$ cat my_file18.cif   # mmCIF, N, CA and C atoms
data_my_file
#
loop_
_atom_site.label_atom_id
_atom_site.label_comp_id
_atom_site.auth_asym_id
_atom_site.auth_seq_id
_atom_site.Cartn_x
_atom_site.Cartn_y
_atom_site.Cartn_z
N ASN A 1 104.77 118.96 156.14
CA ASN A 1 104.70 120.29 156.82
C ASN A 1 104.18 120.11 158.24
N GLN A 2 105.00 120.51 159.21
CA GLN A 2 104.62 120.39 160.61
C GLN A 2 104.06 121.72 161.13
N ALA A 3 102.87 121.65 161.71
CA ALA A 3 102.22 122.85 162.25
C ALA A 3 102.72 123.14 163.66
N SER A 4 102.91 124.42 163.96
CA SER A 4 103.38 124.82 165.28
C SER A 4 102.27 125.55 166.04
N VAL A 5 102.60 126.00 167.25
CA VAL A 5 101.62 126.71 168.08
C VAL A 5 101.81 128.22 167.95
N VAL A 6 101.04 128.83 167.05
CA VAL A 6 101.13 130.27 166.84
C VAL A 6 100.17 131.01 167.76
N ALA A 7 100.56 132.22 168.14
CA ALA A 7 99.72 133.04 169.03
C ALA A 7 98.44 133.46 168.31
N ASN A 8 97.31 133.09 168.89
CA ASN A 8 96.02 133.44 168.30
C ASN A 8 95.50 134.79 168.81
N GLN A 9 96.13 135.31 169.86
CA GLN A 9 95.70 136.60 170.41
C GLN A 9 96.90 137.33 171.02
N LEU A 10 96.66 138.57 171.45
CA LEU A 10 97.72 139.38 172.05
C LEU A 10 98.09 138.84 173.43
N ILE A 11 99.17 138.05 173.47
CA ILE A 11 99.63 137.48 174.73
C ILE A 11 100.68 138.40 175.37
N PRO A 12 100.36 139.06 176.51
CA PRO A 12 101.32 139.96 177.18
C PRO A 12 102.32 139.21 178.05
N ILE A 13 103.34 139.93 178.50
CA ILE A 13 104.38 139.34 179.34
C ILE A 13 103.85 139.13 180.77
N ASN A 14 104.45 138.18 181.47
CA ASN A 14 104.04 137.88 182.85
C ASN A 14 102.58 137.46 182.89
N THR A 15 102.14 136.78 181.83
CA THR A 15 100.76 136.32 181.76
C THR A 15 100.70 134.86 181.34
N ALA A 16 99.62 134.18 181.72
CA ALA A 16 99.46 132.77 181.37
C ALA A 16 98.76 132.63 180.02
N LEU A 17 99.08 131.55 179.32
CA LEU A 17 98.48 131.31 178.01
C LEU A 17 97.11 130.64 178.17
N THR A 18 96.36 130.60 177.07
CA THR A 18 95.03 129.99 177.10
C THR A 18 94.70 129.40 175.73
N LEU A 19 93.62 128.62 175.69
CA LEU A 19 93.20 127.99 174.44
C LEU A 19 92.84 129.06 173.41
N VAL A 20 92.32 130.18 173.89
CA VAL A 20 91.93 131.28 173.01
C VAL A 20 93.17 131.95 172.41
N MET A 21 94.28 131.90 173.15
CA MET A 21 95.52 132.50 172.67
C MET A 21 96.44 131.45 172.05
N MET A 22 95.83 130.43 171.46
CA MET A 22 96.61 129.36 170.83
C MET A 22 95.84 128.77 169.65
N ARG A 23 96.57 128.40 168.60
CA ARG A 23 95.95 127.82 167.42
C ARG A 23 96.98 127.04 166.60
N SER A 24 96.49 126.14 165.75
CA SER A 24 97.38 125.34 164.92
C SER A 24 97.55 125.99 163.55
N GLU A 25 98.77 126.46 163.28
CA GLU A 25 99.06 127.10 162.00
C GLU A 25 100.51 126.85 161.60
N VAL A 26 100.74 126.82 160.29
CA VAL A 26 102.09 126.59 159.77
C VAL A 26 102.91 127.88 159.83
N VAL A 27 104.12 127.77 160.37
CA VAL A 27 105.00 128.93 160.48
C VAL A 27 106.46 128.49 160.54
N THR A 28 107.36 129.47 160.54
CA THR A 28 108.79 129.17 160.60
C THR A 28 109.48 130.07 161.63
N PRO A 29 110.50 129.55 162.34
CA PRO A 29 111.01 128.17 162.19
C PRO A 29 110.16 127.15 162.94
N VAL A 30 110.40 125.87 162.66
CA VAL A 30 109.65 124.80 163.31
C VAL A 30 109.91 124.80 164.82
N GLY A 31 108.94 125.31 165.57
CA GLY A 31 109.07 125.37 167.02
C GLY A 31 108.24 124.27 167.67
N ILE A 32 107.44 124.65 168.66
CA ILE A 32 106.59 123.68 169.36
C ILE A 32 105.45 123.24 168.44
N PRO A 33 105.09 121.94 168.43
CA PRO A 33 104.01 121.44 167.57
C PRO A 33 102.62 121.70 168.16
N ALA A 34 101.59 121.37 167.39
CA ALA A 34 100.21 121.58 167.84
C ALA A 34 99.67 120.34 168.56
N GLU A 35 100.56 119.45 168.99
CA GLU A 35 100.13 118.24 169.69
C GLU A 35 100.07 118.48 171.20
N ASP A 36 100.89 119.41 171.68
CA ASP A 36 100.92 119.71 173.11
C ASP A 36 100.14 120.99 173.41
N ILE A 37 99.11 121.26 172.61
CA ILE A 37 98.29 122.45 172.82
C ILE A 37 97.65 122.45 174.22
N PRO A 38 97.05 121.34 174.67
CA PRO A 38 96.44 121.29 176.02
C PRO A 38 97.47 121.19 177.14
N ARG A 39 98.69 120.78 176.78
CA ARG A 39 99.76 120.65 177.77
C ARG A 39 100.38 122.01 178.08
N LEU A 40 100.29 122.93 177.12
CA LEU A 40 100.85 124.27 177.30
C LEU A 40 99.76 125.25 177.72
N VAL A 41 98.80 124.77 178.51
CA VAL A 41 97.71 125.62 178.97
C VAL A 41 98.10 126.32 180.27
N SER A 42 97.77 127.61 180.34
CA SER A 42 98.08 128.40 181.53
C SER A 42 99.59 128.44 181.77
N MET A 43 100.35 128.55 180.68
CA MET A 43 101.81 128.60 180.78
C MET A 43 102.30 130.04 180.69
N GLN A 44 103.09 130.45 181.68
CA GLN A 44 103.62 131.81 181.70
C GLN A 44 104.82 131.93 180.77
N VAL A 45 104.83 132.99 179.97
CA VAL A 45 105.93 133.22 179.03
C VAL A 45 106.97 134.14 179.66
N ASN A 46 108.19 134.07 179.14
CA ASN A 46 109.28 134.89 179.65
C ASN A 46 109.20 136.32 179.09
N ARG A 47 108.67 136.43 177.87
CA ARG A 47 108.54 137.74 177.24
C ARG A 47 107.16 137.90 176.61
N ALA A 48 106.94 139.04 175.97
CA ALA A 48 105.65 139.31 175.33
C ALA A 48 105.62 138.69 173.94
N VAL A 49 104.59 137.88 173.69
CA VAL A 49 104.44 137.23 172.39
C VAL A 49 103.15 137.70 171.71
N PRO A 50 103.24 138.50 170.63
CA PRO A 50 102.04 138.99 169.93
C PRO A 50 101.46 137.95 168.97
N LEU A 51 100.41 138.35 168.25
CA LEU A 51 99.77 137.44 167.30
C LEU A 51 100.72 137.10 166.16
N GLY A 52 100.54 135.91 165.60
CA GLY A 52 101.38 135.46 164.49
C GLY A 52 102.84 135.33 164.93
N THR A 53 103.06 134.52 165.96
CA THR A 53 104.41 134.31 166.48
C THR A 53 104.59 132.86 166.91
N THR A 54 105.61 132.21 166.34
CA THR A 54 105.89 130.82 166.67
C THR A 54 106.22 130.67 168.16
N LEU A 55 105.50 129.78 168.83
CA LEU A 55 105.72 129.55 170.25
C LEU A 55 106.82 128.52 170.46
N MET A 56 107.94 128.98 171.01
CA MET A 56 109.07 128.09 171.26
C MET A 56 109.03 127.57 172.70
N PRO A 57 109.71 126.44 172.98
CA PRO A 57 109.73 125.86 174.33
C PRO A 57 110.74 126.54 175.25
N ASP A 58 111.78 127.12 174.65
CA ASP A 58 112.81 127.80 175.43
C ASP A 58 112.25 129.06 176.07
N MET A 59 111.31 129.70 175.38
CA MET A 59 110.69 130.92 175.89
C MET A 59 109.66 130.59 176.96
N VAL A 60 109.00 129.45 176.79
CA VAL A 60 107.98 129.02 177.75
C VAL A 60 108.64 128.39 178.98
N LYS A 61 108.65 129.13 180.08
CA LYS A 61 109.25 128.64 181.31
C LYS A 61 108.44 127.47 181.88
N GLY A 62 109.10 126.33 182.03
CA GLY A 62 108.43 125.14 182.55
C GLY A 62 108.26 124.09 181.46
N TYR A 63 108.09 124.56 180.23
CA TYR A 63 107.91 123.65 179.10
C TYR A 63 109.27 123.30 178.48
N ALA A 64 109.55 122.01 178.40
CA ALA A 64 110.82 121.55 177.83
C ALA A 64 110.58 120.37 176.90
N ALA A 65 110.98 120.53 175.64
CA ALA A 65 110.81 119.47 174.65
C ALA A 65 109.34 119.13 174.48
#
$ encode --input "my_file18.cif" --output "structure tokens"
Amino acid sequence: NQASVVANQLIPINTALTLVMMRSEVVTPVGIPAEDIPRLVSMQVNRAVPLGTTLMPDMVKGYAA
């Protein structure tokens, strides 16, 4: 079971991510892993991502693979 980066807090659109708005939890589908948690710091999202939402790389502008 691979853990992904789920939203730990209410992340609004046009806003940067933070350690507080990130956590390691199992979810579906298998998106971004919890290994690049510090690499996806202060990353602006294309849309609004609420709590309990798999963080994908396609949505994260700048983050690829």
$ residues_around --input "my_file18.cif" --residues "range 22-38 of chain A" --least-positions-apart "5" --cutoff "9 Å" --atoms "only C-alpha atoms" --output "VMD selection string"
chain A and resid 1 to 9 17 52 to 57 65
$ atom_distance --input "my_file18.cif" --atom1 "atom C of residue 64 in chain A" --atom2 "atom N of residue 14 in chain A"
19.4 Å
$ select_by_dssp --input "my_file18.cif" --residues "chain A" --states "strand (DSSP E or B)" --output "JSON, numbers by chain"
{"A": [4, 5, 6, 11, 16, 23, 24, 25, 33, 44, 45, 49, 54, 60]}
$ closest_residue --input "my_file18.cif" --among "A:63, A:44, A:49, A:39" --to "residue 11 in chain A" --atoms "only N, CA and C atoms"
A:49
$ resolve_selection --input "my_file18.cif" --expression "the PyMOL selection byres ((chain A and resi 48) around 5)" --output "ChimeraX atom specification"
/A:12-13,46-47,49-50
$ axis_aligned_box --input "my_file18.cif" --around "range 40-50 of chain A" --padding-each-side "8 Å" --output "AutoDock Vina command-line options"
--center_x 103.5 --center_y 131.1 --center_z 175.4 --size_x 27.6 --size_y 32.4 --size_z 28.8
$ residues_near_point --input "my_file18.cif" --point "(97.4, 127.3, 181.6)" --cutoff "7 Å" --atoms "only C-alpha atoms" --output "list in words"
residues 16, 17, 18, 40, 41, 42 and 43 of chain A
$ decode --input "my_file18.cif" --residues "range 9-29 of chain A" --atoms "N, CA and C atoms" --output "compact mmCIF listing (two decimals), in the first residue's frame"
# COMPACT_ATOMS: atom_id res chain seq x y z
N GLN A 9 -5.49 20.22 5.51
CA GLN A 9 -6.28 21.40 5.88
C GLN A 9 -6.96 21.98 4.64
N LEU A 10 -7.80 22.99 4.87
CA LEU A 10 -8.53 23.62 3.77
C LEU A 10 -7.58 24.45 2.91
N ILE A 11 -7.15 23.86 1.80
CA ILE A 11 -6.24 24.54 0.88
C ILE A 11 -7.04 25.28 -0.21
N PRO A 12 -7.05 26.63 -0.20
CA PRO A 12 -7.81 27.39 -1.21
C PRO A 12 -7.05 27.54 -2.53
N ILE A 13 -7.75 28.02 -3.55
CA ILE A 13 -7.13 28.21 -4.86
C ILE A 13 -6.23 29.44 -4.86
N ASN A 14 -5.25 29.45 -5.76
CA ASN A 14 -4.32 30.57 -5.86
C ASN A 14 -3.56 30.75 -4.55
N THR A 15 -3.30 29.64 -3.87
CA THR A 15 -2.58 29.69 -2.61
C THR A 15 -1.46 28.64 -2.59
N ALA A 16 -0.44 28.90 -1.78
CA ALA A 16 0.69 27.98 -1.67
C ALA A 16 0.42 26.94 -0.60
N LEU A 17 0.99 25.75 -0.79
CA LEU A 17 0.81 24.67 0.18
C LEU A 17 1.80 24.81 1.33
N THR A 18 1.57 24.04 2.39
CA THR A 18 2.45 24.09 3.56
C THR A 18 2.48 22.73 4.25
N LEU A 19 3.42 22.58 5.18
CA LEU A 19 3.55 21.32 5.92
C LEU A 19 2.28 21.04 6.71
N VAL A 20 1.63 22.11 7.17
CA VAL A 20 0.40 21.97 7.95
C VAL A 20 -0.74 21.48 7.06
N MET A 21 -0.67 21.82 5.77
CA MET A 21 -1.71 21.41 4.83
C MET A 21 -1.29 20.17 4.06
N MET A 22 -0.49 19.33 4.70
CA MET A 22 -0.02 18.10 4.06
C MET A 22 0.20 17.00 5.09
N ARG A 23 -0.10 15.77 4.71
CA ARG A 23 0.07 14.63 5.61
C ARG A 23 0.15 13.33 4.82
N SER A 24 0.70 12.30 5.45
CA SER A 24 0.83 11.00 4.80
C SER A 24 -0.35 10.11 5.16
N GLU A 25 -1.18 9.81 4.16
CA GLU A 25 -2.35 8.97 4.38
C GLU A 25 -2.67 8.16 3.13
N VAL A 26 -3.25 6.98 3.33
CA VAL A 26 -3.60 6.11 2.21
C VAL A 26 -4.91 6.58 1.57
N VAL A 27 -4.90 6.70 0.25
CA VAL A 27 -6.09 7.13 -0.48
C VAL A 27 -6.05 6.63 -1.92
N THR A 28 -7.13 6.88 -2.65
CA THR A 28 -7.20 6.45 -4.05
C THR A 28 -7.73 7.59 -4.93
N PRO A 29 -7.24 7.70 -6.18
CA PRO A 29 -6.23 6.80 -6.76
C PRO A 29 -4.81 7.15 -6.33
